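As provided, my_file37.pdb (PDB, C-alpha atoms) reads as follows.
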ATOM      1  CA  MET Z   1      19.292  32.730  49.285  1.00  0.00           C
ATOM      2  CA  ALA Z   2      22.759  33.351  47.831  1.00  0.00           C
ATOM      3  CA  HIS Z   3      23.889  31.477  44.714  1.00  0.00           C
ATOM      4  CA  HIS Z   4      27.604  30.847  45.277  1.00  0.00           C
ATOM      5  CA  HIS Z   5      27.614  27.044  45.275  1.00  0.00           C
ATOM      6  CA  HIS Z   6      30.551  26.565  47.691  1.00  0.00           C
ATOM      7  CA  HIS Z   7      32.670  28.919  49.812  1.00  0.00           C
ATOM      8  CA  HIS Z   8      36.370  29.001  48.911  1.00  0.00           C
ATOM      9  CA  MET Z   9      37.821  27.536  52.123  1.00  0.00           C
ATOM     10  CA  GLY Z  10      40.943  28.967  53.723  1.00  0.00           C
ATOM     11  CA  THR Z  11      44.079  26.854  54.081  1.00  0.00           C
ATOM     12  CA  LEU Z  12      44.479  26.116  57.802  1.00  0.00           C
ATOM     13  CA  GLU Z  13      41.745  28.011  59.654  1.00  0.00           C
ATOM     14  CA  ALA Z  14      38.555  29.312  58.000  1.00  0.00           C
ATOM     15  CA  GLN Z  15      35.217  29.185  59.830  1.00  0.00           C
ATOM     16  CA  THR Z  16      32.361  28.939  57.319  1.00  0.00           C
ATOM     17  CA  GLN Z  17      29.629  28.821  59.974  1.00  0.00           C
ATOM     18  CA  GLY Z  18      30.777  30.055  63.375  1.00  0.00           C
ATOM     19  CA  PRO Z  19      32.289  28.892  66.713  1.00  0.00           C
ATOM     20  CA  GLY Z  20      29.215  26.949  67.815  1.00  0.00           C
ATOM     21  CA  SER Z  21      26.206  27.618  70.026  1.00  0.00           C
ATOM     22  CA  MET Z  22      27.340  28.626  73.547  1.00  0.00           C
ATOM     23  CA  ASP Z  23      29.327  25.512  74.336  1.00  0.00           C
ATOM     24  CA  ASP Z  24      32.862  24.311  75.047  1.00  0.00           C
ATOM     25  CA  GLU Z  25      32.492  21.343  72.683  1.00  0.00           C
ATOM     26  CA  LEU Z  26      35.521  22.388  70.633  1.00  0.00           C
ATOM     27  CA  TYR Z  27      36.916  19.875  68.170  1.00  0.00           C
ATOM     28  CA  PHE Z  28      39.958  19.844  65.916  1.00  0.00           C
ATOM     29  CA  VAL Z  29      40.493  18.038  62.650  1.00  0.00           C
ATOM     30  CA  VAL Z  30      43.132  15.320  63.050  1.00  0.00           C
ATOM     31  CA  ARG Z  31      44.988  12.660  61.078  1.00  0.00           C
ATOM     32  CA  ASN Z  32      48.243  10.696  60.795  1.00  0.00           C
ATOM     33  CA  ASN Z  33      50.121   8.554  58.213  1.00  0.00           C
ATOM     34  CA  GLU Z  34      46.758   8.180  56.378  1.00  0.00           C
ATOM     35  CA  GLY Z  35      46.387  11.453  54.472  1.00  0.00           C
ATOM     36  CA  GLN Z  36      42.612  11.339  55.013  1.00  0.00           C
ATOM     37  CA  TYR Z  37      40.797  13.473  57.593  1.00  0.00           C
ATOM     38  CA  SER Z  38      39.097  12.809  60.906  1.00  0.00           C
ATOM     39  CA  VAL Z  39      37.924  14.873  63.900  1.00  0.00           C
ATOM     40  CA  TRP Z  40      38.937  14.869  67.569  1.00  0.00           C
ATOM     41  CA  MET Z  41      37.761  16.614  70.752  1.00  0.00           C
ATOM     42  CA  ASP Z  42      40.046  19.520  71.690  1.00  0.00           C
ATOM     43  CA  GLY Z  43      41.684  19.418  75.117  1.00  0.00           C
ATOM     44  CA  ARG Z  44      42.221  15.674  74.794  1.00  0.00           C
ATOM     45  CA  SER Z  45      45.890  14.784  74.220  1.00  0.00           C
ATOM     46  CA  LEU Z  46      46.613  12.952  70.968  1.00  0.00           C
ATOM     47  CA  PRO Z  47      48.737   9.780  70.645  1.00  0.00           C
ATOM     48  CA  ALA Z  48      52.285  10.448  69.431  1.00  0.00           C
ATOM     49  CA  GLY Z  49      52.142  10.660  65.642  1.00  0.00           C
ATOM     50  CA  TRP Z  50      48.734  12.345  65.300  1.00  0.00           C
ATOM     51  CA  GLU Z  51      48.441  15.873  63.878  1.00  0.00           C
ATOM     52  CA  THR Z  52      45.805  18.614  64.215  1.00  0.00           C
ATOM     53  CA  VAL Z  53      44.243  21.034  61.680  1.00  0.00           C
ATOM     54  CA  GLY Z  54      41.400  23.532  61.225  1.00  0.00           C
ATOM     55  CA  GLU Z  55      39.820  25.807  63.813  1.00  0.00           C
ATOM     56  CA  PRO Z  56      38.901  24.444  67.268  1.00  0.00           C
ATOM     57  CA  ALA Z  57      35.104  24.523  67.056  1.00  0.00           C
ATOM     58  CA  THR Z  58      31.972  22.392  67.459  1.00  0.00           C
ATOM     59  CA  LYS Z  59      31.806  18.981  65.746  1.00  0.00           C
ATOM     60  CA  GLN Z  60      29.494  20.568  63.164  1.00  0.00           C
ATOM     61  CA  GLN Z  61      32.177  23.067  62.126  1.00  0.00           C
ATOM     62  CA  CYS Z  62      34.936  20.484  62.283  1.00  0.00           C
ATOM     63  CA  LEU Z  63      33.201  17.960  59.991  1.00  0.00           C
ATOM     64  CA  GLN Z  64      31.605  20.649  57.782  1.00  0.00           C
ATOM     65  CA  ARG Z  65      35.070  22.010  57.045  1.00  0.00           C
ATOM     66  CA  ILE Z  66      36.653  18.764  55.810  1.00  0.00           C
ATOM     67  CA  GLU Z  67      33.465  17.515  54.133  1.00  0.00           C
ATOM     68  CA  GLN Z  68      33.410  20.763  52.141  1.00  0.00           C
ATOM     69  CA  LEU Z  69      37.113  20.241  51.334  1.00  0.00           C
ATOM     70  CA  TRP Z  70      37.720  16.668  50.159  1.00  0.00           C
ATOM     71  CA  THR Z  71      34.261  15.099  49.991  1.00  0.00           C
ATOM     72  CA  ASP Z  72      32.705  18.408  48.844  1.00  0.00           C
ATOM     73  CA  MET Z  73      32.116  17.264  45.247  1.00  0.00           C
ATOM     74  CA  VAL Z  74      28.521  16.181  45.820  1.00  0.00           C
ATOM     75  CA  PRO Z  75      26.322  14.607  43.049  1.00  0.00           C
ATOM     76  CA  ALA Z  76      22.522  14.933  42.585  1.00  0.00           C
ATOM     77  CA  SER Z  77      22.212  13.999  46.276  1.00  0.00           C
ATOM     78  CA  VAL Z  78      22.571  17.733  46.999  1.00  0.00           C
ATOM     79  CA  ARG Z  79      19.357  18.505  45.075  1.00  0.00           C
ATOM     80  CA  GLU Z  80      17.521  16.061  47.338  1.00  0.00           C
ATOM     81  CA  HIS Z  81      18.213  18.216  50.405  1.00  0.00           C
ATOM     82  CA  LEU Z  82      18.519  21.554  48.592  1.00  0.00           C
ATOM     83  CA  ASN Z  83      15.783  23.632  50.254  1.00  0.00           C
ATOM     84  CA  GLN Z  84      15.981  27.006  48.491  1.00  0.00           C
ATOM     85  CA  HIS Z  85      16.110  25.592  44.959  1.00  0.00           C
ATOM     86  CA  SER Z  86      16.408  29.168  43.641  1.00  0.00           C
ATOM     87  CA  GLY Z  87      19.566  29.838  45.655  1.00  0.00           C
ATOM     88  CA  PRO Z  88      21.219  27.479  48.202  1.00  0.00           C
ATOM     89  CA  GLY Z  89      23.428  30.067  49.894  1.00  0.00           C
ATOM     90  CA  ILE Z  90      24.833  27.418  52.212  1.00  0.00           C
ATOM     91  CA  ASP Z  91      25.065  24.342  49.982  1.00  0.00           C
ATOM     92  CA  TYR Z  92      24.694  20.980  51.703  1.00  0.00           C
ATOM     93  CA  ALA Z  93      27.968  19.030  51.737  1.00  0.00           C
ATOM     94  CA  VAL Z  94      28.097  15.225  51.702  1.00  0.00           C
ATOM     95  CA  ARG Z  95      29.934  13.657  54.638  1.00  0.00           C
TER      96      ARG Z  95
END
Take the structure from the file and write it as structure tokens.
Amino acid sequence: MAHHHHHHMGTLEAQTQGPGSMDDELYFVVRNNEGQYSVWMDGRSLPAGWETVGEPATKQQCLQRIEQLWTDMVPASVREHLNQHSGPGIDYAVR
């Protein structure tokens, strides 16, 4: 419905969806020495050197966050999946 193409994400933690459904499938965003982003299941200890980021939330949230950060700049491919052509509201990122 809405016509703000992408939500201005917050620095560390900023949920642009929600926690999840009703589950404990919390994930964090993680990385090390690479500068790029990945995701990891919360509660599971990380190898020495790895670092965490984002909000602990379902895989959907976790990926959606980083995909709408770095990879966000989506080409025509967005139009292909853009349902409400009049107003996306929640624009479809490109993982």
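Candidate residues Z:33, Z:15, Z:77, Z:21 were compared for distance to residue 51 in chain Z, and the nearest is Z:33, using all atoms listed in the file.
Closest approach to residue 74 in chain Z among Z:92, Z:50, Z:27, Z:37 is made by Z:92 (distances from all atoms listed in the file).
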Discussion item. Which residue is closest to residue 73 in chain Z? Choose from Z:48, Z:93, Z:26, Z:57 and count all atoms listed in the file.
Written reply: Z:93
Practice prompt. Find the residue from Z:94, Z:82, Z:76, Z:39 that sits nearest to residue 59 in chain Z; use all atoms listed in the file when measuring.
Written response: Z:39
All residues 12 Å or closer to residue 42 in chain Z, all atoms listed in the file, same chain fewer than 3 positions away omitted, as a compact mmCIF listing (two decimals) with C-alpha atoms, in the coordinates of the input:
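The resulting file, around-v7.txt, is reproduced below:
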# COMPACT_ATOMS: atom_id res chain seq x y z
CA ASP Z 24 32.86 24.31 75.05
CA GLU Z 25 32.49 21.34 72.68
CA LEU Z 26 35.52 22.39 70.63
CA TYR Z 27 36.92 19.88 68.17
CA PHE Z 28 39.96 19.84 65.92
CA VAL Z 29 40.49 18.04 62.65
CA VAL Z 30 43.13 15.32 63.05
CA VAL Z 39 37.92 14.87 63.90
CA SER Z 45 45.89 14.78 74.22
CA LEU Z 46 46.61 12.95 70.97
CA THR Z 52 45.80 18.61 64.22
CA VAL Z 53 44.24 21.03 61.68
CA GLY Z 54 41.40 23.53 61.22
CA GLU Z 55 39.82 25.81 63.81
CA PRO Z 56 38.90 24.44 67.27
CA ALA Z 57 35.10 24.52 67.06
CA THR Z 58 31.97 22.39 67.46
CA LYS Z 59 31.81 18.98 65.75
CA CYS Z 62 34.94 20.48 62.28
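Across the structure, CA of residue 72 in chain Z and CA of residue 41 in chain Z are spaced 22.6 Å apart.
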Worksheet item: If we count all atoms listed in the file, what is near residue 6 in chain Z at a cut-off of 8 Å, once residues fewer than 4 positions away on the same chain are taken out, given as an MDAnalysis selection string?
Response: chainID Z and resid 68 90:91
Worksheet item: Hey, can you check how far CA of residue 81 in chain Z sits from CA of residue 14 in chain Z?
Response: 24.4 Å
Item to complete: Check which residues satisfy the PyMOL selection byres ((chain Z and resi 89) around 8) in the file shown, then give them as a PyMOL selection string.
Response: chain Z and resi 1-5+87-88+90-91
Take the residues from that selection and write them out as a PDB file, in the coordinates of the input, keeping C-alpha atoms.
ATOM      1  CA  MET Z   1      19.292  32.730  49.285  1.00  0.00           C
ATOM      2  CA  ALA Z   2      22.759  33.351  47.831  1.00  0.00           C
ATOM      3  CA  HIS Z   3      23.889  31.477  44.714  1.00  0.00           C
ATOM      4  CA  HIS Z   4      27.604  30.847  45.277  1.00  0.00           C
ATOM      5  CA  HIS Z   5      27.614  27.044  45.275  1.00  0.00           C
ATOM      6  CA  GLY Z  87      19.566  29.838  45.655  1.00  0.00           C
ATOM      7  CA  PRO Z  88      21.219  27.479  48.202  1.00  0.00           C
ATOM      8  CA  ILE Z  90      24.833  27.418  52.212  1.00  0.00           C
ATOM      9  CA  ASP Z  91      25.065  24.342  49.982  1.00  0.00           C
TER      10      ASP Z  91
END
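Taking CA of residue 9 in chain Z and CA of residue 36 in chain Z as the two end points, the separation is 17.1 Å.
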Box along x, y and z, 5 Å on every side, all listed atoms of range 51-59 of chain Z inside: centre and edge lengths in Å to one decimal, as lines of an AutoDock Vina configuration file.
center_x = 40.1
center_y = 20.8
center_z = 64.3
size_x = 26.6
size_y = 19.9
size_z = 16.2
